[PDB]
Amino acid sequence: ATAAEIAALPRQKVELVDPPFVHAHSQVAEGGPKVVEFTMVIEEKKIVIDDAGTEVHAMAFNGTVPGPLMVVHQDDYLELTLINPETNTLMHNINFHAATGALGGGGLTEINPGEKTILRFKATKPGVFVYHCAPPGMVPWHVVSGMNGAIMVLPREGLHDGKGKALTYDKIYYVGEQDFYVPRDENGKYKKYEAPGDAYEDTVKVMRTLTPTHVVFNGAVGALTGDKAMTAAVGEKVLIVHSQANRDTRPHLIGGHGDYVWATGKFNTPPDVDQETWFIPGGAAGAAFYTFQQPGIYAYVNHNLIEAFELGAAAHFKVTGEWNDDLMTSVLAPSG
């Protein structure tokens, strides 16, 4: 398309919402290609990632870890206004794995505190994709400080299974998984720092062990539990988008399955089916579609169980509805 044709396309400003929720959208595209506008302010902020009070100097797109999910359709243009407030101390940029050119956009979005930039790219490929900050020379440090999220580029005709049958979800959740590398003192207690820069050297030493101290969903151990647990109902169709910008993960819905899983996150690649545990490599997003069949509590985890239950990678689903004894039943309850 020419500059004139792009200038003529309708524009729609979208208000982002915080993970695990996703801003309102249509699965099947409304009309022809549009320039979808988003705005995100970067916030360097202290966040607590566990019940003990462990602190991390997060680098957060839109103030959250992960950054919010942006949703557009194939061949729409995503136009992002990215702002780096003067209150921040580091330069930041953004790299969309969904985009083509200039390192995903990082080469055109390096902004120092007090600057902003507007990047536009054509979403040519359908699927869920990671986005993350990547300043040359300090790439992993920003990413493992939480400066990453994902976007979803829906086919214009919505989702379909491998044989062309439509798959329409009732609800969608975005689970961003974060590996953190928090320095510890001689007592084995996590350290706290005044400014992000103070923690650099100590953090890089932990990073080099390739062993995170915490592996969490939505920025903290237990973030998606209790009143923040995800919800569904028997018969409800749920799409769970999951991303990990730096390290591998293996999602598993305890008590359920991934009925259709685009493990690579790309919609033109037919989904695997009937999955117990799927795999998303570091640097990618994946998506699983499931129709709940049993009520009760479910745990959604990274199935390296040490990472799930010792390091923090566990979320819960609260599901309403009638129990199905055909599917499962306790013939003899625990007894002598």
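Counting begins at 1, following the sequence as shown.
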Between 5-13 and 311-319, name whichever shows the higher mean Cα B factor according to the PDB entry.
5-13
When the Cα temperature factors in the entry are averaged, is it 33-41 or 294-302 that ends up higher?
33-41
Residue selected from 242, 266, 191, 214 by maximal Cα B factor:
191
By the entry's C-alpha temperature factors, tell me which of 259, 248, 157, 179 sits highest.
157
Ranked against its chain, the third holding the CA B-factor of residue 100
middle
What third of its chain's C-alpha B-factors does residue 56 belong to: lowest, middle or highest?
highest
Third of chain Cα B-factors occupied by residue 92:
middle
Third assignment of residue 141 from its chain's C-alpha B-factors
middle
CA B-factor ranking of residue 126, expressed as a third of its chain
middle
